[PDB]
Amino acid sequence: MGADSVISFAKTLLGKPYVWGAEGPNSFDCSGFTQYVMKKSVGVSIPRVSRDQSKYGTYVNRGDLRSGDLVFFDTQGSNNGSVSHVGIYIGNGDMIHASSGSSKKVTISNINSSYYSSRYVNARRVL
């Protein structure tokens, strides 16, 4: 019911625009979205950037994801494997996130889709 608060608050922000460096209340980047949602719903403080949120809280295996877990991804091509994206797991593979893809807004995407699945890094439980 921590998780129910996180997810229902996050859904009120659906359609809000992506702006790099923003952390609410009107615009967001992917880690600014997760920070703002966690702080405003249930008063949980997480790190500002995706790579630091990826090192915070309880490690979760991808098969054990629960509503409210943070899910982390890298960037497609030649890289470090460095975490560059984060979403809030909802269930059925779905996450809510501030997508810098084509939609450039808070939206819902599936971590099992061809695009996200290969970029999946790790997950963290902060509730």
# chains A, B, ... in the order shown; residues from 1 in each chain; ligands from 1
>>> residues_around(residues="residue 17 in chain A", least_positions_apart="2", cutoff="12 Å", atoms="only C-alpha atoms", output="PyMOL selection string")
chain A and resi 13-15+19-20+22-30+32-33+97-107
>>> write_last_selection(atoms="N, CA, C and O atoms", output="compact mmCIF listing (two decimals), in the first residue's frame")
# COMPACT_ATOMS: atom_id res chain seq x y z
N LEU A 13 0.62 11.74 -13.24
CA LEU A 13 1.62 12.52 -14.01
C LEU A 13 1.73 12.03 -15.45
O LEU A 13 2.62 12.54 -16.17
N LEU A 14 0.96 10.99 -15.86
CA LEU A 14 0.94 10.50 -17.27
C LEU A 14 0.75 11.69 -18.20
O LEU A 14 -0.12 12.54 -17.91
N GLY A 15 1.56 11.75 -19.26
CA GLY A 15 1.45 12.75 -20.33
C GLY A 15 2.29 13.97 -20.04
O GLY A 15 2.33 14.86 -20.94
N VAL A 19 11.80 16.77 -19.96
CA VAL A 19 12.81 17.85 -20.03
C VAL A 19 14.04 17.38 -19.26
O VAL A 19 13.92 17.22 -18.04
N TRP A 20 15.18 17.17 -19.94
CA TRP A 20 16.46 16.83 -19.28
C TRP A 20 16.75 17.79 -18.12
O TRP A 20 16.64 19.04 -18.31
N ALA A 22 15.01 18.16 -15.31
CA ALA A 22 13.78 18.50 -14.54
C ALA A 22 13.42 17.40 -13.52
O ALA A 22 13.68 16.19 -13.75
N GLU A 23 12.86 17.80 -12.38
CA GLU A 23 12.44 16.88 -11.29
C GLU A 23 11.08 17.35 -10.74
O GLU A 23 10.86 17.27 -9.52
N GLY A 24 10.18 17.81 -11.63
CA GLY A 24 8.80 18.19 -11.27
C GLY A 24 8.68 19.65 -10.83
O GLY A 24 9.69 20.32 -10.57
N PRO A 25 7.43 20.15 -10.63
CA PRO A 25 6.23 19.32 -10.73
C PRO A 25 5.59 19.15 -12.12
O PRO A 25 4.65 18.38 -12.23
N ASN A 26 6.08 19.87 -13.13
CA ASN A 26 5.40 20.03 -14.45
C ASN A 26 6.13 19.27 -15.56
O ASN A 26 5.48 18.95 -16.56
N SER A 27 7.43 19.02 -15.39
CA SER A 27 8.32 18.39 -16.40
C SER A 27 9.33 17.50 -15.66
O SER A 27 9.59 17.75 -14.46
N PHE A 28 9.90 16.51 -16.34
CA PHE A 28 10.73 15.48 -15.68
C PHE A 28 11.77 14.91 -16.64
O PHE A 28 11.50 14.79 -17.81
N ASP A 29 12.89 14.45 -16.09
CA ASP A 29 13.74 13.44 -16.76
C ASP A 29 13.47 12.12 -16.03
O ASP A 29 12.64 12.09 -15.09
N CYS A 30 14.10 11.03 -16.46
CA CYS A 30 13.63 9.69 -16.01
C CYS A 30 13.92 9.54 -14.50
O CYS A 30 13.01 9.17 -13.79
N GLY A 32 14.54 12.18 -12.41
CA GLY A 32 13.82 13.25 -11.70
C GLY A 32 12.39 12.83 -11.41
O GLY A 32 11.85 13.20 -10.34
N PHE A 33 11.80 12.05 -12.32
CA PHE A 33 10.44 11.48 -12.19
C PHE A 33 10.41 10.51 -11.03
O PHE A 33 9.56 10.60 -10.14
N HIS A 97 7.39 5.69 -16.56
CA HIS A 97 8.70 6.38 -16.66
C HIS A 97 8.54 7.66 -17.47
O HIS A 97 7.57 7.78 -18.24
N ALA A 98 9.55 8.48 -17.37
CA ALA A 98 9.64 9.72 -18.18
C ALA A 98 10.48 9.34 -19.41
O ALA A 98 11.72 9.25 -19.30
N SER A 99 9.84 9.02 -20.53
CA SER A 99 10.53 8.43 -21.70
C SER A 99 11.13 9.56 -22.53
O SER A 99 10.37 10.40 -23.01
N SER A 100 12.44 9.51 -22.78
CA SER A 100 13.11 10.37 -23.79
C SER A 100 13.11 9.69 -25.18
O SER A 100 13.83 10.18 -26.07
N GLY A 101 12.32 8.62 -25.37
CA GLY A 101 11.98 8.07 -26.70
C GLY A 101 11.07 9.01 -27.47
O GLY A 101 11.00 10.22 -27.09
N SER A 102 10.37 8.50 -28.49
CA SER A 102 9.52 9.29 -29.42
C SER A 102 8.45 10.09 -28.66
O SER A 102 8.13 11.20 -29.12
N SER A 103 7.95 9.57 -27.52
CA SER A 103 6.76 10.15 -26.82
C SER A 103 7.14 11.37 -25.96
O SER A 103 6.24 12.23 -25.74
N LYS A 104 8.39 11.46 -25.51
CA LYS A 104 8.93 12.63 -24.75
C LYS A 104 7.94 13.05 -23.66
O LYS A 104 7.65 14.25 -23.51
N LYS A 105 7.41 12.09 -22.93
CA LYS A 105 6.43 12.35 -21.85
C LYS A 105 6.42 11.14 -20.91
O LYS A 105 6.84 10.06 -21.34
N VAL A 106 5.91 11.34 -19.70
CA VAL A 106 5.61 10.24 -18.75
C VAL A 106 4.62 9.31 -19.44
O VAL A 106 3.50 9.75 -19.89
N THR A 107 4.98 8.03 -19.51
CA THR A 107 4.23 7.04 -20.29
C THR A 107 4.47 5.69 -19.64
O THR A 107 5.27 5.60 -18.67
>>> closest_atom_pairs(of="range 35-57 of chain A", to="range 117-122 of chain A", cutoff="12 Å", atoms="only C-alpha atoms", output="JSON lines")
{"residue": "A:50", "atom": "CA", "partner": "A:122", "partner_atom": "CA", "distance": 11.3}
{"residue": "A:51", "atom": "CA", "partner": "A:121", "partner_atom": "CA", "distance": 10.4}
{"residue": "A:53", "atom": "CA", "partner": "A:122", "partner_atom": "CA", "distance": 10.5}
{"residue": "A:54", "atom": "CA", "partner": "A:122", "partner_atom": "CA", "distance": 7.1}
{"residue": "A:55", "atom": "CA", "partner": "A:122", "partner_atom": "CA", "distance": 9.3}
{"residue": "A:56", "atom": "CA", "partner": "A:122", "partner_atom": "CA", "distance": 11.1}
{"residue": "A:57", "atom": "CA", "partner": "A:122", "partner_atom": "CA", "distance": 11.7}
>>> residues_around(residues="residue 126 in chain A", least_positions_apart="5", cutoff="12 Å", atoms="only C-alpha atoms", output="PyMOL selection string")
chain A and resi 2-3+6+34-35+38-39+42-47+53-60+66-71+88-89
>>> atom_distance(atom1="CA of residue 93 in chain A", atom2="CA of residue 114 in chain A")
12.1 Å
>>> select_by_dssp(residues="range 42-77 of chain A", states="strand (DSSP E or B)", output="ChimeraX atom specification")
/A:58-59,70-73
>>> select_by_dssp(residues="range 58-125 of chain A", states="helix (DSSP H, G or I)", output="list in words")
residues 62, 63, 64, 114, 115, 116 and 117 of chain A
>>> write_last_selection(atoms="C-alpha atoms", output="mmCIF file, in the first residue's frame")
data_model
loop_
_atom_site.group_PDB
_atom_site.id
_atom_site.type_symbol
_atom_site.label_atom_id
_atom_site.label_comp_id
_atom_site.auth_asym_id
_atom_site.auth_seq_id
_atom_site.Cartn_x
_atom_site.Cartn_y
_atom_site.Cartn_z
ATOM 1 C CA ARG A 62 14.253 -9.381 -12.531
ATOM 2 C CA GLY A 63 12.067 -12.521 -11.829
ATOM 3 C CA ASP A 64 11.144 -11.127 -8.292
ATOM 4 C CA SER A 114 12.520 -6.034 -27.618
ATOM 5 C CA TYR A 115 13.757 -2.422 -26.991
ATOM 6 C CA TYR A 116 13.984 -2.488 -23.125
ATOM 7 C CA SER A 117 14.659 -6.225 -22.408
#
>>> atom_distance(atom1="CA of residue 52 in chain A", atom2="CA of residue 113 in chain A")
24.7 Å
>>> atom_distance(atom1="CA of residue 72 in chain A", atom2="CA of residue 95 in chain A")
10.6 Å
>>> closest_residue(among="A:7, A:21, A:49, A:12", to="residue 83 in chain A", atoms="only C-alpha atoms")
A:49
>>> decode(residues="range 29-62 of chain A", atoms="N, CA and C atoms", output="PDB file, in the first residue's frame")
ATOM      1  N   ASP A  29      12.893  14.446 -16.087  1.00  0.00           N
ATOM      2  CA  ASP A  29      13.742  13.440 -16.762  1.00  0.00           C
ATOM      3  C   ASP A  29      13.472  12.116 -16.033  1.00  0.00           C
ATOM      4  N   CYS A  30      14.096  11.028 -16.458  1.00  0.00           N
ATOM      5  CA  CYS A  30      13.635   9.691 -16.014  1.00  0.00           C
ATOM      6  C   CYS A  30      13.921   9.541 -14.499  1.00  0.00           C
ATOM      7  N   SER A  31      15.067   9.976 -14.022  1.00  0.00           N
ATOM      8  CA  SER A  31      15.461   9.897 -12.596  1.00  0.00           C
ATOM      9  C   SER A  31      14.798  11.025 -11.796  1.00  0.00           C
ATOM     10  N   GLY A  32      14.545  12.178 -12.410  1.00  0.00           N
ATOM     11  CA  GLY A  32      13.816  13.246 -11.705  1.00  0.00           C
ATOM     12  C   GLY A  32      12.385  12.831 -11.412  1.00  0.00           C
ATOM     13  N   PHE A  33      11.797  12.047 -12.318  1.00  0.00           N
ATOM     14  CA  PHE A  33      10.442  11.483 -12.191  1.00  0.00           C
ATOM     15  C   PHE A  33      10.413  10.508 -11.032  1.00  0.00           C
ATOM     16  N   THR A  34      11.312   9.533 -11.050  1.00  0.00           N
ATOM     17  CA  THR A  34      11.321   8.550  -9.937  1.00  0.00           C
ATOM     18  C   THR A  34      11.600   9.247  -8.600  1.00  0.00           C
ATOM     19  N   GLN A  35      12.591  10.150  -8.525  1.00  0.00           N
ATOM     20  CA  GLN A  35      12.833  10.906  -7.273  1.00  0.00           C
ATOM     21  C   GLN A  35      11.539  11.597  -6.820  1.00  0.00           C
ATOM     22  N   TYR A  36      10.914  12.397  -7.693  1.00  0.00           N
ATOM     23  CA  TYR A  36       9.736  13.210  -7.332  1.00  0.00           C
ATOM     24  C   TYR A  36       8.575  12.321  -6.856  1.00  0.00           C
ATOM     25  N   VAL A  37       8.334  11.225  -7.589  1.00  0.00           N
ATOM     26  CA  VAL A  37       7.213  10.307  -7.254  1.00  0.00           C
ATOM     27  C   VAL A  37       7.488   9.733  -5.854  1.00  0.00           C
ATOM     28  N   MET A  38       8.683   9.195  -5.612  1.00  0.00           N
ATOM     29  CA  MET A  38       9.043   8.579  -4.306  1.00  0.00           C
ATOM     30  C   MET A  38       8.898   9.579  -3.155  1.00  0.00           C
ATOM     31  N   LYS A  39       9.362  10.820  -3.349  1.00  0.00           N
ATOM     32  CA  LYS A  39       9.356  11.864  -2.294  1.00  0.00           C
ATOM     33  C   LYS A  39       7.902  12.282  -1.982  1.00  0.00           C
ATOM     34  N   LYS A  40       7.057  12.441  -3.007  1.00  0.00           N
ATOM     35  CA  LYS A  40       5.721  13.087  -2.881  1.00  0.00           C
ATOM     36  C   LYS A  40       4.675  12.059  -2.452  1.00  0.00           C
ATOM     37  N   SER A  41       4.808  10.803  -2.882  1.00  0.00           N
ATOM     38  CA  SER A  41       3.784   9.781  -2.592  1.00  0.00           C
ATOM     39  C   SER A  41       3.921   9.349  -1.125  1.00  0.00           C
ATOM     40  N   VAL A  42       5.112   8.901  -0.746  1.00  0.00           N
ATOM     41  CA  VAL A  42       5.373   8.162   0.526  1.00  0.00           C
ATOM     42  C   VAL A  42       6.572   8.742   1.288  1.00  0.00           C
ATOM     43  N   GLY A  43       7.222   9.810   0.811  1.00  0.00           N
ATOM     44  CA  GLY A  43       8.302  10.484   1.568  1.00  0.00           C
ATOM     45  C   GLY A  43       9.570   9.639   1.637  1.00  0.00           C
ATOM     46  N   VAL A  44       9.834   8.878   0.583  1.00  0.00           N
ATOM     47  CA  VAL A  44      11.089   8.097   0.441  1.00  0.00           C
ATOM     48  C   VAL A  44      12.035   8.937  -0.408  1.00  0.00           C
ATOM     49  N   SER A  45      13.231   9.165   0.122  1.00  0.00           N
ATOM     50  CA  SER A  45      14.334   9.901  -0.538  1.00  0.00           C
ATOM     51  C   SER A  45      15.199   8.917  -1.314  1.00  0.00           C
ATOM     52  N   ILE A  46      15.276   9.081  -2.634  1.00  0.00           N
ATOM     53  CA  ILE A  46      16.254   8.326  -3.475  1.00  0.00           C
ATOM     54  C   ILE A  46      17.210   9.321  -4.124  1.00  0.00           C
ATOM     55  N   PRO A  47      18.382   8.836  -4.588  1.00  0.00           N
ATOM     56  CA  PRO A  47      19.341   9.666  -5.320  1.00  0.00           C
ATOM     57  C   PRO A  47      18.758  10.348  -6.558  1.00  0.00           C
ATOM     58  N   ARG A  48      19.412  11.443  -6.958  1.00  0.00           N
ATOM     59  CA  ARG A  48      18.964  12.260  -8.109  1.00  0.00           C
ATOM     60  C   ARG A  48      19.130  11.531  -9.437  1.00  0.00           C
ATOM     61  N   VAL A  49      20.283  10.898  -9.726  1.00  0.00           N
ATOM     62  CA  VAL A  49      20.551  10.396 -11.111  1.00  0.00           C
ATOM     63  C   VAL A  49      20.379   8.874 -11.146  1.00  0.00           C
ATOM     64  N   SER A  50      20.098   8.362 -12.335  1.00  0.00           N
ATOM     65  CA  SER A  50      19.739   6.933 -12.543  1.00  0.00           C
ATOM     66  C   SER A  50      20.856   6.008 -12.038  1.00  0.00           C
ATOM     67  N   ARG A  51      22.133   6.295 -12.343  1.00  0.00           N
ATOM     68  CA  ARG A  51      23.283   5.425 -11.978  1.00  0.00           C
ATOM     69  C   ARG A  51      23.423   5.317 -10.457  1.00  0.00           C
ATOM     70  N   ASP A  52      23.045   6.341  -9.709  1.00  0.00           N
ATOM     71  CA  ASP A  52      23.106   6.376  -8.227  1.00  0.00           C
ATOM     72  C   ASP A  52      21.846   5.699  -7.662  1.00  0.00           C
ATOM     73  N   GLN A  53      20.673   5.917  -8.255  1.00  0.00           N
ATOM     74  CA  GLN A  53      19.432   5.221  -7.827  1.00  0.00           C
ATOM     75  C   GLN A  53      19.675   3.710  -7.970  1.00  0.00           C
ATOM     76  N   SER A  54      20.418   3.301  -8.995  1.00  0.00           N
ATOM     77  CA  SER A  54      20.759   1.868  -9.273  1.00  0.00           C
ATOM     78  C   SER A  54      21.594   1.249  -8.156  1.00  0.00           C
ATOM     79  N   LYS A  55      22.228   2.044  -7.290  1.00  0.00           N
ATOM     80  CA  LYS A  55      23.122   1.520  -6.209  1.00  0.00           C
ATOM     81  C   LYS A  55      22.415   1.648  -4.853  1.00  0.00           C
ATOM     82  N   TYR A  56      21.130   2.047  -4.839  1.00  0.00           N
ATOM     83  CA  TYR A  56      20.420   2.439  -3.594  1.00  0.00           C
ATOM     84  C   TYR A  56      19.309   1.437  -3.275  1.00  0.00           C
ATOM     85  N   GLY A  57      19.280   0.941  -2.044  1.00  0.00           N
ATOM     86  CA  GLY A  57      18.192   0.075  -1.573  1.00  0.00           C
ATOM     87  C   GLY A  57      18.519  -1.383  -1.853  1.00  0.00           C
ATOM     88  N   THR A  58      17.501  -2.216  -1.764  1.00  0.00           N
ATOM     89  CA  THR A  58      17.647  -3.697  -1.776  1.00  0.00           C
ATOM     90  C   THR A  58      17.733  -4.148  -3.234  1.00  0.00           C
ATOM     91  N   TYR A  59      18.783  -4.880  -3.607  1.00  0.00           N
ATOM     92  CA  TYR A  59      18.858  -5.487  -4.955  1.00  0.00           C
ATOM     93  C   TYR A  59      17.681  -6.472  -5.111  1.00  0.00           C
ATOM     94  N   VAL A  60      17.055  -6.436  -6.285  1.00  0.00           N
ATOM     95  CA  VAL A  60      15.920  -7.330  -6.667  1.00  0.00           C
ATOM     96  C   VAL A  60      16.284  -8.049  -7.970  1.00  0.00           C
ATOM     97  N   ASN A  61      16.126  -9.381  -8.025  1.00  0.00           N
ATOM     98  CA  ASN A  61      16.258 -10.114  -9.313  1.00  0.00           C
ATOM     99  C   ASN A  61      15.086  -9.732 -10.228  1.00  0.00           C
ATOM    100  N   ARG A  62      15.300  -9.753 -11.539  1.00  0.00           N
ATOM    101  CA  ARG A  62      14.253  -9.381 -12.531  1.00  0.00           C
ATOM    102  C   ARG A  62      13.044 -10.325 -12.370  1.00  0.00           C
TER     103      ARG A  62
END
